[PDB]
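Participant: Just passing along the structure, written as structure tokens.
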Amino acid sequence: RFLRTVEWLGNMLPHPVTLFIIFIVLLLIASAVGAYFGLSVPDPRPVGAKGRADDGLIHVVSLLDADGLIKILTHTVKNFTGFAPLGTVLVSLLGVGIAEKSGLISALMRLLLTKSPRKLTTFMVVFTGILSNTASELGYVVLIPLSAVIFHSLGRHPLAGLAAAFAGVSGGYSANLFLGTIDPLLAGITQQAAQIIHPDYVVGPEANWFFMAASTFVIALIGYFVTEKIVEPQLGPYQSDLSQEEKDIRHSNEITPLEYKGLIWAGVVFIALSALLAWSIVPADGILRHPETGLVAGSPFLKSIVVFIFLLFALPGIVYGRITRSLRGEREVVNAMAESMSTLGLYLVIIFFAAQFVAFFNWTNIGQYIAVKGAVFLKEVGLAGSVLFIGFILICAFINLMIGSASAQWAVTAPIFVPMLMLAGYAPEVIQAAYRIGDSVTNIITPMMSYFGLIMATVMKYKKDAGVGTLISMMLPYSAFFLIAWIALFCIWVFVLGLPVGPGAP
Amino acid sequence: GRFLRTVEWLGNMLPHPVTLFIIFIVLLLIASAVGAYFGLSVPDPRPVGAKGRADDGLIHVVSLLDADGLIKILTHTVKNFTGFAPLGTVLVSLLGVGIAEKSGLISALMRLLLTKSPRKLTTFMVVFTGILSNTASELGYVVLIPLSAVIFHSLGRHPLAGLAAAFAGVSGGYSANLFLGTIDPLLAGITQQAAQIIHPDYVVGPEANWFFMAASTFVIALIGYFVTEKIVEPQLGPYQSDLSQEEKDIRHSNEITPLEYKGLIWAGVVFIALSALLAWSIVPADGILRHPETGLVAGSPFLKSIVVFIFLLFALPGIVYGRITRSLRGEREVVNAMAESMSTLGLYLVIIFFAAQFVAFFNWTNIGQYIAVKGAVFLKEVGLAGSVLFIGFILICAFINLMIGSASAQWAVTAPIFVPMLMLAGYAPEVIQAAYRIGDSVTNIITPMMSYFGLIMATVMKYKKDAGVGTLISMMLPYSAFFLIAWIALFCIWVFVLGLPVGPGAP
């Protein structure tokens, strides 16, 4: 009855939008009650020569109809529009759509399992599973039942190959090399949630490139224990009677000389773009730096690295698409962008209510109150660089089983966590990295994602199991060997190295 | 026909509005880089006042200096796209339209009109109902078209004039309706973002056209007796029994049940209890919502938050109609359904990402103000008065509407070219937006390569099997001729008699 508890976890509390509704509903009466009779919090820590004032007392502010109603009504489209994630995600996704549906990303992951050696593919299947998070679908449909099929011909066993790439896709979610559509997405919410105390901070789209790139190999190497974790539970059936028609038909999805001729001719335009972006930033006589200073930090470059990942995705895809005739018309690629832009349906609502939640939070000053009261807590017991950040990863990997689903979680918790752990002596870029560990690790063990469906359609293609929900108990050690494998990699980024760490000058 | 070839050629000549925006900014890059490379200038902009931009005169074209031009584009892409007024205002409003629609609150309203209306009215009613079915942007097609055609075999006379009645009501009665909509803050947004080029600080609310379009819902309803003159044209002899079969009485199952009776009475109660709230705030001079430190009414946050009010007055009655009739139960159900609506704007964002990225290039390269003044010296030359000039406008946008014209797909294209020069002519963007909103809804009945042939032509064969195809448009020609002339008049009363914000002065 550990399954039942995990199922109760996700099916307990209402929608994350409904959360934001009750949040900004209760916060209204929170401000109303708390600031009706009398309340105050004595001290912050804004030490400096003016600017950030010396004054200690920052009070909760009610819903006094006069200024309150005017503020909510005037700032609604204003909150939404200026909401940090909003424009940044869309601009980036605009380019992602083309790369994905041009069959560029499709054939890119379709050719590696063909090119990689046997001993390598055993670990490459998982390693590739990690990098398929930028496409948000490829990893499930044409990689999961393909990983399982590649293990009958080029591998050992399918029911541990379905799992080989499912640990990579679901588990190695946030970990990826090039900035995904999550990097400027999560950097956005982390940004607009960190402006409750230091209202000028900007979480770049580059955020955790160093961490997440170095974290691809580390978890891919615990994908080498899949050779130790295939035999340990059990083994069984041998080819033949295991859905053979759909097995060896999964081979035409391998590659064609057209797909290769594109990859070789889309890589050309990719490396071209990549070289161009470097031109302007390299020299000290360079054109795109900070115009006054000359220091790369703070330059328009990092302010346009959302446009750059819109570029580095779109244009390689379009050249791949035209040259191999993947998609012809110039009215076709636009009718295709509209398709990808049609998928962010729920995203906007939770963004309208996150803007609204971080608004109702911010200008009622309750958000800063919660921030400092949690700051005095975590600097008490002696919670140093890795006590606070082990205690962090564990909570956002536990709440992830209830309401946690990428941004649905973060949009809720970031207004609660990030203003409070910033003051503790630990910068917010670091806690966005740590959260981008916690949401990805426990994805395997059931939240309430019903994407079991396609996965179950793969398990029945091989081992028709007696009990259903066997894959989750089977998958428990894979999310255990990943939890510890990642947390360890993070502490080498706090008591060892971290470029923007602490609210000081690291 | 001789004219169907040229109409077909109209819409399929040029590419998608986005590809239209791509080349518009691509040429604007070198339009700036050619005209401002060697030298160019334009004299005497007409300003107002003693200080500010009241003097200094000349304004020039600005090229692409690779240091600054590149920086402005790379830094400002999301900043231009977010601040883009229509994008912010539309999304907030669409949430309200979604709940009001899916709950079957608007569905059961146009479903209630054709039922509760007398047969003499039904010819004037099905067209008038046809007009108000634009706020839903779907309802008027799927059901109301073959519903009008199933009423003409029961409460009417011949069911190919009902197929035509409500169709003239929807596609023709597009932009003028009751209780605002989504095009009210949409069009007002892009028109606003076209006035940012000259007056800069101009704000076009969604309610700006509300006085106009509301009254203009009747003109198109009284010509709902001109359908009575259109059924007379080649009426035939099918007397029931013809082409529609058992799909006729199944089309009665959507009539009414006491559930939607008690539901609309209890959602209507909510609706009328909502507007009752929004009036208390603005009525008294001792009231709470005005311009805070100045006894006022306009300029107050009210008109600034009426983009929200249309989201409120739509969503809230829809919920009650969905919880009282149990059209949608769960509290996680109405939220899982708000996400379906924002999907539909898939293309809308792109064209509005490139419109933000078109009025961007256009405005800070100063070419938009150049085109503005070289056309402002044009239209005040002939003697083009308020009435005379604005007939030339209605027709051009009711002509280009057959090529790239589709709601805001052309408006995002022609607003940055028309509104700048025609404001300086002495005519404020408010009545210009009123004029464009006239012209795109006229030639919609004749084909702008309309993507909606299906629902309509599946109703003709199901009522009058036609040997030829495309006989509906030739049939529709006189129905767009008796609306073009009609509406051109109704606006010219407004321009030569009354309009609250007309002219870049103080009207």
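Residues in the structure tokens are numbered from 1 in each chain, the chains being A, B, ... in the order shown, and ligands are numbered from 1 in the order shown.
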Would you kindly report the residues of chain A within 8 Å of chain B, using only C-alpha atoms, as a PyMOL selection string?
Facilitator: chain A and resi 14-15+17-18+66+70+73-74+76-78+80-82+86-88+91+287-288+300-301+303-304+307+330-331+334-335+337-349
Participant: Mind checking which residues fall within 10 Å of residue 431 in chain A, counting only C-alpha atoms, ignoring those fewer than 4 positions away in the same chain, and posting them as a list in words?
Facilitator: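 In the requested format, the answer is residues 190, 389, 392, 393, 414, 417, 418, 421, 422, 426, 427, 435, 436, 437 and 501 of chain A.
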Participant: Measuring atom to atom with only C-alpha atoms, identify which of B:272, B:149, B:178, B:264 is nearest to residue 211 in chain B.
Facilitator: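 That would be B:178, the residue with the smallest distance to residue 211 in chain B.
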Participant: Which value, in Å to one decimal, gives the distance between CA of residue 283 in chain B and CA of residue 500 in chain B?
Facilitator: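 Calculated distance between CA of residue 283 in chain B and CA of residue 500 in chain B is 20.3 Å.
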Participant: Skip range 461-474 of chain B itself and residues of its chain fewer than 3 positions away, then list as a PyMOL selection string all residues within 6 Å of it, counting only C-alpha atoms.
Facilitator: chain B and resi 243-244+446+458+477
Participant: Between A:500, A:464, A:451, A:445, which residue has the minimum interatomic distance to residue 7 in chain A, considering only C-alpha atoms?
Facilitator: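 Among A:500, A:464, A:451, A:445, it is A:445 that comes nearest to residue 7 in chain A.
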Participant: Take CA of residue 196 in chain A and CA of residue 181 in chain A and report the distance between them in Å, one decimal.
Facilitator: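 If I compute the distance from CA of residue 196 in chain A to CA of residue 181 in chain A, I get 24.9 Å.
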Participant: Mind checking which residues fall within 12 Å of range 318-323 of chain B, counting only C-alpha atoms, ignoring those fewer than 3 positions away in the same chain, and posting them as a ChimeraX atom specification?
Facilitator: /B:95-109,259-271,273-274,311-315,326-331,333-335,337-338
Participant: Write a file of the just-selected residues containing C-alpha atoms, as a PDB file, in the first residue's frame.
Facilitator:
```pdb
ATOM      1  CA  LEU B  95     -10.954  33.364 -21.147  1.00  0.00           C
ATOM      2  CA  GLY B  96     -14.340  34.977 -20.512  1.00  0.00           C
ATOM      3  CA  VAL B  97     -15.628  34.128 -23.980  1.00  0.00           C
ATOM      4  CA  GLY B  98     -14.533  30.510 -23.533  1.00  0.00           C
ATOM      5  CA  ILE B  99     -16.534  29.765 -20.392  1.00  0.00           C
ATOM      6  CA  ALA B 100     -19.585  31.634 -21.688  1.00  0.00           C
ATOM      7  CA  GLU B 101     -19.398  29.523 -24.855  1.00  0.00           C
ATOM      8  CA  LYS B 102     -18.579  25.984 -23.721  1.00  0.00           C
ATOM      9  CA  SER B 103     -21.171  26.055 -20.932  1.00  0.00           C
ATOM     10  CA  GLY B 104     -23.757  26.318 -23.695  1.00  0.00           C
ATOM     11  CA  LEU B 105     -24.871  29.679 -22.329  1.00  0.00           C
ATOM     12  CA  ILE B 106     -24.400  31.495 -25.634  1.00  0.00           C
ATOM     13  CA  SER B 107     -25.287  28.314 -27.510  1.00  0.00           C
ATOM     14  CA  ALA B 108     -28.679  28.075 -25.795  1.00  0.00           C
ATOM     15  CA  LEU B 109     -29.260  31.806 -26.306  1.00  0.00           C
ATOM     16  CA  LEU B 259     -33.124  22.638 -17.873  1.00  0.00           C
ATOM     17  CA  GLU B 260     -31.875  25.465 -20.093  1.00  0.00           C
ATOM     18  CA  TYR B 261     -35.034  27.376 -19.181  1.00  0.00           C
ATOM     19  CA  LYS B 262     -34.262  27.371 -15.462  1.00  0.00           C
ATOM     20  CA  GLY B 263     -30.601  27.611 -16.437  1.00  0.00           C
ATOM     21  CA  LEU B 264     -30.835  30.693 -18.629  1.00  0.00           C
ATOM     22  CA  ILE B 265     -33.189  32.233 -16.080  1.00  0.00           C
ATOM     23  CA  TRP B 266     -30.611  31.628 -13.361  1.00  0.00           C
ATOM     24  CA  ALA B 267     -27.583  32.527 -15.469  1.00  0.00           C
ATOM     25  CA  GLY B 268     -29.500  35.494 -16.823  1.00  0.00           C
ATOM     26  CA  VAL B 269     -30.179  36.478 -13.229  1.00  0.00           C
ATOM     27  CA  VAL B 270     -26.413  36.270 -12.667  1.00  0.00           C
ATOM     28  CA  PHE B 271     -25.647  38.202 -15.858  1.00  0.00           C
ATOM     29  CA  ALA B 273     -26.699  40.879 -11.370  1.00  0.00           C
ATOM     30  CA  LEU B 274     -23.211  41.429 -12.770  1.00  0.00           C
ATOM     31  CA  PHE B 311     -14.040  38.786 -19.244  1.00  0.00           C
ATOM     32  CA  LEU B 312     -16.110  38.979 -16.057  1.00  0.00           C
ATOM     33  CA  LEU B 313     -19.552  39.494 -17.612  1.00  0.00           C
ATOM     34  CA  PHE B 314     -18.949  36.492 -19.868  1.00  0.00           C
ATOM     35  CA  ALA B 315     -17.238  33.987 -17.558  1.00  0.00           C
ATOM     36  CA  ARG B 326     -24.658  20.788 -14.625  1.00  0.00           C
ATOM     37  CA  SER B 327     -23.386  21.412 -18.164  1.00  0.00           C
ATOM     38  CA  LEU B 328     -19.953  21.080 -16.580  1.00  0.00           C
ATOM     39  CA  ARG B 329     -19.681  19.936 -12.959  1.00  0.00           C
ATOM     40  CA  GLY B 330     -16.202  19.878 -11.430  1.00  0.00           C
ATOM     41  CA  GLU B 331     -14.251  22.906 -10.253  1.00  0.00           C
ATOM     42  CA  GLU B 333     -13.438  20.961 -15.100  1.00  0.00           C
ATOM     43  CA  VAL B 334     -13.950  24.633 -15.945  1.00  0.00           C
ATOM     44  CA  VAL B 335     -10.172  25.119 -15.641  1.00  0.00           C
ATOM     45  CA  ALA B 337     -11.575  23.745 -20.354  1.00  0.00           C
ATOM     46  CA  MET B 338     -10.140  27.288 -20.315  1.00  0.00           C
TER      47      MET B 338
END
```
Participant: Go ahead and compute the interatomic distance for CA of residue 482 in chain A and CA of residue 499 in chain A, in Å to one decimal.
Facilitator: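 A separation of 25.0 Å between them.
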Participant: From the list B:455, B:491, B:222, B:48, which residue is nearest residue 124 in chain B when using only C-alpha atoms?
Facilitator: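 For residue 124 in chain B, the nearest of the candidates is B:222.
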Participant: Quick one: everything within 7 Å of residue 401 in chain A, counting only C-alpha atoms, minus sequence neighbours fewer than 5 positions away in the same chain. Send it as a PyMOL selection string.
Facilitator: chain A and resi 6+9-10+446-447
Participant: Run DSSP on the backbone and tell me which residues of range 289-358 of chain A come out as alpha helix (DSSP H); list them as an MDAnalysis selection string.
Facilitator: chainID A and resid 307:323 332:340 345:358
Participant: Let me make sure I understand: among A:185, A:381, A:358, A:235, which one has the smallest atom-to-atom distance to residue 306 in chain A if we use only C-alpha atoms?
Facilitator: A:185
